[PDB]
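**Student:** Sequence first, structure after; it's an experimental one.
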Amino acid sequence: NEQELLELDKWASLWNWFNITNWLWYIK
């Protein structure tokens, strides 16, 4: 939709990924 948001949306994937890494730490 907007290239201005897309520039930040690329790095926003690390924000969601970090949640999975921290969650796995609670299980293991």
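**Tutor:** Arrived safely. Residues are numbered from 1 along each chain as shown.
**Student:** Which neighbouring elements make contact with the strand or helix carrying residue 21?
**Tutor:** Applying DSSP states H and E as the criterion places residue 21 in helix 3-27. Contacting helix 3-27 under the criterion 3 or more CB pairs under 8 Å, 6 or more residues apart in numbering; DSSP states H and E is no other helix or strand. For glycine as for every other residue, the C-beta is placed from the backbone atoms N, C-alpha and C.
**Student:** any idea how far it is from the chain center?
**Tutor:** Using CA atoms, centre = their mean, to the nearest Å, the mean C-alpha position of helix 3-27 is found 1 Å from that of the whole chain.
**Student:** again, but for stretch 21-28
**Tutor:** 16 Å.
**Student:** and that stretch, which residues are buried?
**Tutor:** Buried residues in stretch 21-28, counted by 16 or more other CB atoms under 10 Å: none are found.
**Student:** Only alpha carbons, please: show that stretch as CSV.
**Tutor:** What follows is stretch 21-28, C-alpha atoms only, in CSV (Å, rounded to 0.1, in the frame of the first residue of the first chain):
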residue,chain,number,x,y,z
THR,A,21,12.3,-16.7,20.6
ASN,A,22,11.2,-15.5,24.0
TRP,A,23,8.2,-17.9,24.0
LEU,A,24,10.4,-20.9,23.2
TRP,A,25,12.6,-19.9,26.2
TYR,A,26,9.5,-20.3,28.5
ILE,A,27,8.8,-23.9,27.1
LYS,A,28,12.4,-25.2,27.2
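**Student:** residues making contact with that stretch?
**Tutor:** Outside stretch 21-28, not one residue touches it by CB atoms under 8 Å, 6 or more residues apart in numbering.
**Student:** And for stretch 10-17?
**Tutor:** By CB under 8 Å, 6+ apart, the list of residues contacting stretch 10-17 is empty.
**Student:** Appreciated, that's everything.
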